[PDB]
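This report refers to the structure that appears directly beneath it.
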RNA sequence: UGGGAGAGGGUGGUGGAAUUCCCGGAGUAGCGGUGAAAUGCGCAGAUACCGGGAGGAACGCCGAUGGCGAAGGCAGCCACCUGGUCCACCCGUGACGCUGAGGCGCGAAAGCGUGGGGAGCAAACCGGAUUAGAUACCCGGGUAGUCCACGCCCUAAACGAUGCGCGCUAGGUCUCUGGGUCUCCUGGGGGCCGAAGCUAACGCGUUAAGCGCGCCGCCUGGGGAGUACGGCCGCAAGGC
Ligand SMILES: [K+]
Ligand SMILES: [K+]
Ligand SMILES: [Mg+2]
Ligand SMILES: [Mg+2]
Ligand SMILES: [Mg+2]
Ligand SMILES: [Mg+2]
Ligand SMILES: [Mg+2]
Ligand SMILES: [Mg+2]
Ligand SMILES: [Mg+2]
Ligand SMILES: [Mg+2]
Ligand SMILES: [Mg+2]
Ligand SMILES: [Mg+2]
Ligand SMILES: [Mg+2]
Ligand SMILES: [Mg+2]
Ligand SMILES: [Mg+2]
Ligand SMILES: [Mg+2]
Ligand SMILES: [Mg+2]
Ligand SMILES: [Mg+2]
Ligand SMILES: [Mg+2]
Ligand SMILES: [Mg+2]
Ligand SMILES: [Mg+2]
Ligand SMILES: [Mg+2]
Ligand SMILES: [Mg+2]
Ligand SMILES: [Mg+2]
Ligand SMILES: [Mg+2]
Ligand SMILES: [Mg+2]
Ligand SMILES: [Mg+2]
Ligand SMILES: [Mg+2]
Ligand SMILES: [Mg+2]
Ligand SMILES: [Mg+2]
Ligand SMILES: [Mg+2]
Ligand SMILES: [Mg+2]
């Protein structure tokens, strides 16, 4: 299904190139530090590609995570 | 003997066996078990039942230190992972939380032939 | 039974107890179609469970049975080349079937010369908890479960 | 002239996950491996867990049914150096074009020199199994190699098995990139189905095997044979 609302849908006006806006980027990572796929982030090929570049930058700065622990299994 | 009360329970599932390590609130092992520690000597070690016992054994051994609650850390995929968990939830011990932490490389070392041909 | 699911034929109630479970046991006691001969053995044995016990046969019967019903057994299966004895439950219909059969089999294995005696004597040892009929049963169970390591092969 | 999208190339730097190794802690009998096993490893304390180091190699999710490049081929992130290409304007030259024998350059993997580096993997090899045998498939080890610099080699199912260029001949749908009077039009890519037509069929079908023109390269029954001989080329293996 995948319809708990698209990530972009909830956010407002954000700069996809702002690699310091952790509060927003945070929204695009799954329960794990994994970058969500388009079918979930609801971005466009062009946007999603830009986002990814940003998310990665953040991780280098320590702002975002490379990976997290699942809490079930 | 040292009394710990709360701690960690690391289930390490494999396709060949299932070992379990109960440690203190910060990783130091208290007791442990596995399909080997218990009877099974071979392929039997991998079976889910084996997993169950190993879980119980370690669980019991642990309570003989006061252990009343545990945080669970699962690692790996194996014909006997879920059973080890279910076994601990019933081992009297209180299962505070379950959490998978199976290691996965961010793509690095070339696996043995036994695991390639992938992609 | 490749097509439908086979309907368990219904037997004629007992002419002395109006019981179907009796006729069933009587049929198992039966040899080459001679039922009269069979029937006798049973009742004649019921009369022996009468003398040697204040309890009525019908009751001794039921209990004797009830004790020999296995509730678990191991059926085979092929996996990877090797064979495994998978422990699985035992349906009601089969429990009964194995019981009555086992009794008669254990009975005729007894040392006493007279048939009706063996059936009576086995039946008694049965309700008592002893007897080879029960031994066969407890054994099937020991066998089963004693392979719990393979139970994850739900039939 | 203004604007754009890219794993296109080269150099330096840098991040985190994982494997191995070493140190320490804590722990104790097994771990591993398979169809089942054994070789193997472990009381000189392994496996499992935590903390700290060292090192090499490759970049998870994003990642596509996607993009770029003339092919090979190209993905972590940052900077510098650098090629190609698309669109808008319709502003300059004024046929300055197309193809291209030979030549020159490029050219996956393996392989070859000299010097480095070697964590994981792994031809040969050393062993354990399986088997009638098992110079194998399965299991435990393991050298060259795989990585880097510089120089060679130049092959391939180097494939769309489809040489470039241009013009012409319904449309439908999805997608990546521009521009616009941003339902929808326009341009350049990537796919699918299909007009006409073509095809031995299979299929192809504005990304042609369609309709045409230009230029190159090839084919002419199978085996012998990509062999022999002769030439070039290569350190060699060998290549043409
Ligand atoms: K060498
Ligand atoms: K046709
Ligand atoms: Mg008769
Ligand atoms: Mg690039
Ligand atoms: Mg030894
Ligand atoms: Mg010792
Ligand atoms: Mg460490
Ligand atoms: Mg080293
Ligand atoms: Mg392209
Ligand atoms: Mg290719
Ligand atoms: Mg003009
Ligand atoms: Mg003029
Ligand atoms: Mg080459
Ligand atoms: Mg190479
Ligand atoms: Mg070399
Ligand atoms: Mg190896
Ligand atoms: Mg053979
Ligand atoms: Mg041999
Ligand atoms: Mg090997
Ligand atoms: Mg191809
Ligand atoms: Mg040509
Ligand atoms: Mg189309
Ligand atoms: Mg198009
Ligand atoms: Mg298009
Ligand atoms: Mg047609
Ligand atoms: Mg078509
Ligand atoms: Mg044409
Ligand atoms: Mg054709
Ligand atoms: Mg030729
Ligand atoms: Mg010929
Ligand atoms: Mg050749
Ligand atoms: Mg050759």
Check your understanding: So which residues in the stretch C:136-155 are surrounded by 13 or more Cβ atoms within 10 Å (Cβ to Cβ), touching a residue at least 24 places away in the same chain (Cβ under 8 Å) and out of contact with any strand residue (DSSP E or B) (no Cβ under 7 Å at 6 or more places or on another chain)?
Key -> C:136, C:137
Point to revise | Output for the stretch B:18-46, where each listed residue is assigned to a strand (DSSP E or B), more than 6 Å from RNA strand D (Cβ to nearest atom) and closer than 13 Å to residue B:71 by Cβ | key: B:22
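In the stretch A:32-52, which residue that is free of Cβ contacts under 8 Å to residues at least 24 places away in the same chain and either away from chain B (no Cβ under 14 Å) or more than 10 Å from the chain's Cα centre (by Cα) (or both) is nearest to residue B:100 (Cα to Cα)? It would help to see each step written out before you state the result.
At the first step, the residues of the stretch A:32-52 found to be free of Cβ contacts under 8 Å to residues at least 24 places away in the same chain are A:35, A:37-38, A:44-46, A:48-49, A:52.
Next, only the ones that are either away from chain B (no Cβ under 14 Å) or more than 10 Å from the chain's Cα centre (by Cα) (or both) stay: A:37-38, A:44-46, A:48-49, A:52.
On the way: A:37: 22, A:38: 25, A:44: 32, A:45: 32, A:46: 34, A:48: 28, A:49: 29, A:52: 25 Å.
So the residue we want is A:37.
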Exercise for review: Filter the stretch B:89-112 down to the residues that are in contact with a strand residue (DSSP E or B) (Cβ under 9 Å, 6 or more places away or on another chain) and within 14 Å of RNA strand D (Cβ to nearest atom), then identify the one that is nearest to residue B:17 (Cα to Cα).
Suggested key: B:102
Exercise for review: Just give me the residues in the stretch B:6-30 being farther than 20 Å from residue B:97 by Cβ and surrounded by fewer than 21 Cβ atoms within 10 Å (Cβ to Cβ), in sequence order.
Suggested key: B:14, B:15, B:16, B:19
Check your understanding: Would the stretch B:65-77 turn up any residue that is within 12 Å of chain A (Cβ to nearest Cβ), touching a residue at least 24 places away in the same chain (Cβ under 8 Å), assigned to a loop (DSSP other than H, G, I, E, B) and closer than 28 Å to residue A:67 by Cβ?
Key -> yes
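Just checking, how many residues over the stretch B:1-17 are assigned to a loop (DSSP other than H, G, I, E, B) and within 7 Å of RNA strand D (Cβ to nearest atom)?
Total satisfying the criteria: 5.
So basically every Cβ, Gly included, is an ideal-geometry build from the backbone, and we count neighbours across all protein chains shown. Quick note: the coordinates plus some simple rules give every number you see, no bench work behind them.
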